[PDB]
Every structure is written in structure tokens, then in C-alpha cells.
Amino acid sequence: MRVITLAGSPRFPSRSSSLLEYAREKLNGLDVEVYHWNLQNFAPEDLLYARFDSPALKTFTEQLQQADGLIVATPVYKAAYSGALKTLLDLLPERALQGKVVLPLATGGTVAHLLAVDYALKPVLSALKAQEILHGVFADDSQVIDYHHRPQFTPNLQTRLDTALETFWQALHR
């Protein structure tokens, strides 16, 4: 009944965030409570110098603890997740994702870096003890037609996202 959507892009507007926006609306439609976070919710110095007393982190940690699921989105930066997202994940307590379903989403400039999700991001989410990690959705930039005014995807990206979200919603029932 409660889901956190987390945007890992440092820019605004963000292509990977449009996937999260589409996800939010589907989940709202199914009467799931969705709480959206992004890196602007945190003081940069708190993130970079890994300062655990951050008030926003406290709120975020508390909200995560109460969430049944997490949807996390990232750009591919240098064949991995964004450093910006990792600075926040690094501040989460050990076992932060224990008992939780996790759906990872990424967008990349080249399809050449599709494996960044499986080989880089999933291992960090598992280190946080995610109970289940879903297959995820990678899309290269050309598959997101609009991320500035209204999330618009090619039909194949939209179908893969629909499939992922259905699987995630079914998972939230245990």
C-alpha cells in the first residue's frame, strides 16, 4: 500500500524521472500511496560528506521503513548508476531494503550500456538486503519521446514499463 519512488538523476527535468512519473500515476490509480523523493530533497553537503544527522535523511529513512516497495530510477553515468544516487543510497542504514520489493529503471545514451542495471545497480540494492529485485526496465534515450512536458515513450518502452509495473503491483501483494 505504500511505495517510494526515488529519482537518481541530478538534472531537472530528467529522462529517467519520466518513467517514475508514469509509474506514479499508474500506482495512484490503483490506490497505492506514493511518496516521491529526489536529490534536491537533501542538502548536497549532507550527501557528499555522508552526514547521517541530516533532517531530510531522517524523514526519508522513516518513510522508506514504512514502504512496501521502492521504484528507483537512474541515468547511466560512466557505465553505472549515477554517483549522485549512490551518495544517497550510501546514507541508508544497513538492511534498509529488507522485506521490500524493488523495481529498478534506467535510461542510457547508448544501448551499449544496457547491462549497467544488472551488473552495477542491482548488486548495491542487494547489499541493502532487498527481498526481491525485479527484472527492471532499461531504455536508451531514443525511446523517450518527451520528458519535458508529458511523459511519452515509444510503444515498446511503454509496453515494457506496463509489464514491469504490473509485476511490481502483484508483488506488493504477499
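Just count from 1 along the sequence shown to find any residue number.
### Query
Do the C-alpha atoms of 94 to 102 or of 78 to 86 have the higher average B factor in the entry?
Taking the mean C-alpha B-factor of 78 to 86 and of 94 to 102, the larger value falls to 94 to 102.
### Task
Look up the CA B-factors in the entry and say which stretch, 48 to 56 or 34 to 42, has the higher mean.
Mean CA B-factor is higher for 48 to 56.
### Task
Report the third (lowest, middle or highest) to which the CA temperature factor of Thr154 belongs, ranking only the modelled residues of the same chain.
Answer is middle: the recorded C-alpha B-factor places it there.
### Message
Looking at the temperature factor on the CA atom of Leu19, which third of the chain's modelled residues does it land in?
### Response
It falls in the middle third of the chain.
### Message
Splitting the chain's C-alpha B-factors into thirds, which one does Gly69 fall into?
### Response
Highest third of the chain for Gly69's C-alpha B-factor.
### Message
Please place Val3 in the lowest, middle or highest third of its chain according to the CA B-factor in the PDB entry.
### Response
Middle third by C-alpha B-factor.
#### Entry: Chain-wide C-alpha B factor ranking for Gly29, given as lowest, middle or highest third
Highest third - that is where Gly29 ends up once the chain's C-alpha B-factors are sorted.
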